[PDB]
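Below is one structure, written out as structure tokens; the observations come after it.
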Amino acid sequence: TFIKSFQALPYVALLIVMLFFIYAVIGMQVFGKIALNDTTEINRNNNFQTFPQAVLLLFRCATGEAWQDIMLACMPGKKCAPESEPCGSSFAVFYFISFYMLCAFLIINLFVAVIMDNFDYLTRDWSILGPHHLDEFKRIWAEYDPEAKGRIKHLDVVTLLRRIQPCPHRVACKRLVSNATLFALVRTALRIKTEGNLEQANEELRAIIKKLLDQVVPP
Amino acid sequence: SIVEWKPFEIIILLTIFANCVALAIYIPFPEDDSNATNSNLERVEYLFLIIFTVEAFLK
Amino acid sequence: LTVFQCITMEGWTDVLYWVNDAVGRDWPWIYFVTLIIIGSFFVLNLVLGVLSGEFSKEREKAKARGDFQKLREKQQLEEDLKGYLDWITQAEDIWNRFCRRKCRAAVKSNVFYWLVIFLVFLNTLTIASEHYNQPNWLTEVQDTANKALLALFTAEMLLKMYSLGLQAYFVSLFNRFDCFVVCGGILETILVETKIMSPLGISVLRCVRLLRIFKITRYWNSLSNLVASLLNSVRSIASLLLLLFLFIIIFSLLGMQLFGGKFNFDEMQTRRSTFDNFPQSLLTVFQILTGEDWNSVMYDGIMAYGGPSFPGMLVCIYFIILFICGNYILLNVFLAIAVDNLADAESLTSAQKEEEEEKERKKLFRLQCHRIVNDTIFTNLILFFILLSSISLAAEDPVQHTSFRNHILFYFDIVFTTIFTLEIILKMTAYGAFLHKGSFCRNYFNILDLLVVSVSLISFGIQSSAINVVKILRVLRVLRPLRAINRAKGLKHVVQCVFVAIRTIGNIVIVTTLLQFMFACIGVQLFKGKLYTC
Amino acid sequence: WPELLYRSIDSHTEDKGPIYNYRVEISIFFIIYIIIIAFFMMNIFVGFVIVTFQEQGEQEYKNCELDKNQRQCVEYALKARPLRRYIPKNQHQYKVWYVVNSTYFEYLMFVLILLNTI
Amino acid sequence: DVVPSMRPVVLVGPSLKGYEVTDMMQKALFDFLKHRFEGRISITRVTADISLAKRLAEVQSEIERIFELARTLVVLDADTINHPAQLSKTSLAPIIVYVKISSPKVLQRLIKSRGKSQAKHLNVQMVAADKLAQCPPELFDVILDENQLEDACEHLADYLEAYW
Ligand SMILES: CCCCCCCCCCCCCCCC
Ligand SMILES: CCCCCCCCCCCCCCCC
Ligand SMILES: CCCCCCCCCCCCCCCC
Ligand SMILES: [Ca+2]
Ligand SMILES: [Ca+2]
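Protein chains in written order, with PDB author numbering: chain E, 1400 to 1484, 1494 to 1574, 1582 to 1593, 1607 to 1638, 1647 to 1655; chain B, 119 to 177; chain V, 354 to 447, 509 to 778, 889 to 943, 964 to 1078; chain A, 1137 to 1254; chain P, 222 to 276, 297 to 314, 317 to 407.
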């Protein structure tokens, strides 16, 4: 379910990628020519020289990994690289602080968007019946019946895999008497209303709720 | 048993708090060194042992 | 142990660089980047989800516990005391005391309220004006401004004290807090005059002045509801914090008995985060909980208990358990407090404010043969050109001045400038051009297309100058990718929803910024230049 | 953080170098700042965003209609579709199918993979 | 029956008029009545009983003198009406106001501030507030729900525009 939610919200991810791209480019041009050297944060392993390296450094800053020292490395007064024919700006402080806030905000936004999208399942008491119950019912019926081979055909009670969670007081027999099987179980497993007219009441519901074949729903 | 009706559990919890205090003062010197305080905290620990074991026996 | 060290994201990049120095830089980043993303971000997202969603369950149970319903009872209760005590305030006055009506009248007036807000602004400007080596005159200016603001603030404080009923005055929380801060200011004056002030005194009293700076943010309600819920839940807040404090004490008293004074190594004693004495064991445990240099402390413990071996180096159990329970127990306490209370607090803004709104309601050029055709395929075509334009400058060589590839990218830039000016020429045909009721000025995103194109064009205009002006133009030309926003039908929805989220966050973000400013002022007072080290 | 904390703890007087553990009480300032701002207020940010997104998602609250469980169920009312089983017809195929599809085989294969990882 | 050319105005407060608080709920209130109804309104001050009216000796002329002021083309203030029943015994087509405290928990706080002498006498005061929480709308005409005066005061004027 979490992976499926990620599929349904791709534009937030594209927005985060856009942030990374814009900031990697900006860091590429301003802090590009900083002189590489060990004993300093801007080194052979972190630098705004190649786009992959810039993205890696920005990702490092995103994970809150000594980004303050990177910032102090790019502050002005730094010697410029030999390729230049000094370098280092005072724009670094704003650059890194703004990046940290914005990247943290969009990461929070993606997280909470996925939480919103999966809220239904993430907030599910697991007491009321759920689609997992329908799936296991489908599987047991499939064992009882291969592909699309069930219309009524019912003369047995082998479908007792239904545990305490929807013959106690023979209510199972009454429910069997009263896709049709799935619909009947749904309307009666919840025990929505008991006035001898739920079929009529529901017959006036599926008309407004719906579309597809309704010549089997009433039963 | 009727002593438990008398609320000494208050004094027992104050004793637990006293022992909690008596562990922050215990300085763990590197290699067997020990100032004066560490040499009285053993006695305080003996007292705490006695009171706790009496409470265990009673309960 | 090392993979787990990467999942917590602390000391992550060190192992990545150590590996890169062994097996080249090309591939290895894949392993650790996937490790971080998958492990850290998915597990963090899932734990947040299964707590927030779970927290909704206990919130639903709480609503049956009258926790919110009882909270509203204490809000209207205290609220009506002032309104009814206003009558006695307006009735006690039907020796001559006719000036009471006039003084009370100014109290509610906007002139006096904005005057006191301005005085608070002066108060914050004076303290915020701190500086490492203040000009000698600025010290006297700050001291006299403090004296002046103190005199006034107490004058209007007493005015409100006598203009309004003293009991009614003390009923309000904000007025009691204002009395507290003015009393702190009186203490400031007495202590400074008598020269018996102490560093704790200056600290906490600068703090009380900064509290008086809370007189700002009074009209707004979103922070007010949070404050009310926090005050209601204090007796519930103290339990969780007491439990966490007990846990930190236990995992510090255990570290004392394990690593007590065993951090003595022949290497230079930079082991500041040690377990020697209880007051510092607490700081080390706190550091581990937040997880700043968790690696360093774990390694020091491992080395203390022998080297890497089986009998030793089992200490990793202690650090791992500490870190896990901490960043789980902290997560529960703080999210619980910031969700259950805030969710309740946010509901006041929807419960009492909503009904009260109802109560008031209850109380009551050429235009012919143009060619807009082809704007359908050109949608995806312009998307593709924007994408490839964005990719263009990314591959640029930043470090080589006489670049073998910058001229190639210049050719791409020329081609793409032509392509992206074609639609600028086209847009004149469509309604707009800052005319025709300004259909062009009604969509700033359309205008933003020109701005990026303009800067791209402007870069060439001054390019021949060979002058430093064009240096910033190249930096700003990076706005090309955003053009896809105006040309995308879902990205617009995403960005607008994000802006809406920002507008919602405004209140909390401003409260956090103000409290951070408070702590910055206190820090300036404490460490105004006492950090230098030869 | 800890570098700043242990450089501030060693703060003696204005315009003077540090002194080892001069005032360790200063940690109260950093402890309080840490808890309040970082923990409390950033967690308030996360909780506030969660609450706002929950409110936005329930814009179509539709309190008149009944539970959303029936919403999901009736949207699934198009279920009871064919499921691929293909019980083998050849008896030689059937023996291997039965032995393969028995839970014992799955448990055994899990043990095999577990031992492979070991 | 027959209007006395006017609809006399009375206010019973939230509880007994016998103490200071109840009167102060209306002492300033009456001030604004004449200060926004110049000539349109008049006020009267009495201390006798009006319930005993056949449409004690002082009561005989009390009803007349009120009717004497009602014929001038009026607000009454007394200590007899603690419930519309005290006025329901006569048909003078009056208008009666009620001060309401939706939460009796407020009563103690109001009482707790004025004085400790009547602080223990809250039971005497509060029962009337209970007594002032039973009559259906018909005997509950004028409504005083909001707290402060200005919002409450505007809701007094609107009911005074029924005829004038
Ligand atoms: C709960 C209040 C009392 C807490 C302290 C109880 C133990 C104190 C005894 C040890 C103190 C050091 C004395 C050693 C002799 C110099
Ligand atoms: C929580 C993970 C570690 C817990 C178990 C301890 C691991 C000990 C085995 C590794 C060391 C073996 C000997 C190394 C000789 C250089
Ligand atoms: C419970 C959260 C962690 C709190 C850490 C700070 C505890 C207090 C440390 C200072 C105690 C006094 C030091 C010695 C006297 C100046
Ligand atoms: Ca971190
Ligand atoms: Ca770190």
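Every residue, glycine too, gets a C-beta built ideally from N, C-alpha and C.
* Go ahead and pull the three-state DSSP assignment for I662 (chain V). => helix
* To do: Find the nearest neighbour of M1509 (chain E) within the set A:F1246, A:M1178, A:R1159, judged by alpha-carbon distance.
  => A:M1178
* Asked: By a C-beta neighbour count over all protein chains shown, 10 Å radius and 16 as the cutoff for buried, is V1429 (chain E) buried or exposed?
  -> buried
* Asked: Which partner residues of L232 (chain P) appear in the DSSP bridge assignment?
  -> P:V340
* Please confirm if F1502 (chain E) has its CB atom under 8 Å from at least one CB of chain V. => no
* Asked: Would you say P125 (chain B) faces chain V, with C-beta separation under 8 Å as the test?
  -> no
* To do: Per DSSP, which residues does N1442 (chain E) bridge with? Please list them.
  => E:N1445
* To do: Would you list the residues sitting across from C359 (chain V) in a DSSP beta bridge?
  => Beta-bridge pairing links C359 (chain V) to no other residue.
* Asked: Would you call the stretch 1007–1022 of chain V and the stretch 1045–1062 of chain V touching, i.e. three or more CB-CB distances under 8 Å?
  -> no
* **Cross-chain neighbours of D714 (chain V) in chain A, by beta carbon under 9 Å** => Neighbours of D714 (chain V) on chain A: none; closest Cβ ~13 Å, over 9 Å.
* Should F673 (chain V) be labelled buried (16 or more other beta-carbon atoms within 10 Å of its own) or exposed? -> buried
* Is the stretch 517–533 of chain V touching the stretch 580–600 of chain V in the sense that three or more CB pairs, one from each, lie closer than 8 Å? -> no
* To do: Please indicate yes or no: does the CB of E1631 (chain E) lie closer than 7 Å to some heavy atom of ligand 4?
  => no
* Between the stretch 390–405 of chain V and the stretch 357–372 of chain V, are three or more C-beta pairs nearer than 8 Å? -> yes
* Does the Cβ of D937 (chain V) lie closer than 7 Å to at least one heavy atom of ligand 5? -> no
* To do: Anything in the stretch 1536–1548 of chain E with a Cβ closer than 8 Å to a Cβ of chain A? List those residues in chain order, please.
  => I1536, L1537, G1538, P1539, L1542, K1546, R1547
* To do: Can you check the stretch 546–578 of chain V for any alpha helix (DSSP H) of at least 4 residues that lies completely inside it and give the ranges in chain order?
  => 550–577
* Asked: Near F928 (chain V), which residues of its chain fall below 8 Å by C-beta distance, leaving aside the five closest residues on each side in sequence?
  -> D921
* Asked: Is the CB of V1182 (chain A) under 8 Å away from at least one CB in chain E?
  -> yes
* To do: With a 10 Å radius around its C-beta and 16 neighbouring C-beta atoms as the bar for buried, classify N366 (chain P) as buried or exposed.
  => exposed
* **Pairwise C-alpha distance: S612 (chain V) and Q1069 (chain V)** => 13 Å
* **Cβ-heavy atom distance, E363 (chain V) to ligand 5, below 7 Å** => yes
* Asked: Any idea which residues DSSP pairs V1022 (chain V) with across the strands?
  -> None; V1022 (chain V) has no bridge partner.
* Asked: Taking three-plus beta-carbon pairs below 8 Å as touching, is the stretch 1539–1557 of chain E in contact with the stretch 1448–1464 of chain E?
  -> no
* Cβ atoms of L1001 (chain V) and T941 (chain V): under 8 Å apart, would you say? -> yes
* To do: Note the first and the last residue of the continuous alpha helix (DSSP H) segment covering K1478 (chain E).
  => Segment: none, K1478 (chain E) is in no alpha helix (DSSP H) and carries neither H nor E.
* Which residue spans inside the stretch 356–415 of chain V form an unbroken alpha helix (DSSP H) run of at least 4? -> 365–376, 382–388
* **Cβ distance (whole Å) where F1504 (chain E) is taken to contact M1470 (chain E) below 8 Å** => 4 Å
* What separation, rounded to the nearest whole angstrom, lies between the Cα atoms of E426 (chain V) and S346 (chain P)? -> 9 Å
* Measure the C-alpha to C-alpha separation of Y1243 (chain A) and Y1230 (chain A) and round it to an integer number of angstroms. => 20 Å
* Asked: Would you say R352 (chain P) faces chain V, with C-beta separation under 8 Å as the test?
  -> yes
* **Nonlocal neighbours in the same chain, by C-beta distance under 7 Å from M369 (chain P), ignoring five residues either side** => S236, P347, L350
* Burial state of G1426 (chain E) (16 or more Cβ within 10 Å) -> buried
* **Closer than 7 Å: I1172 (chain A) CB and nearest ligand 3 heavy atom** => no
* Mind listing the chain A neighbours of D937 (chain V)? Cutoff is C-beta to C-beta under 8 Å, in chain order. => Under the 8 Å cutoff, chain A gives no residues; its nearest Cβ is about 40 Å from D937 (chain V).
* Confirm the yes/no value for this check: CB of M727 (chain V), any heavy atom of ligand 2, distance under 7 Å. => yes
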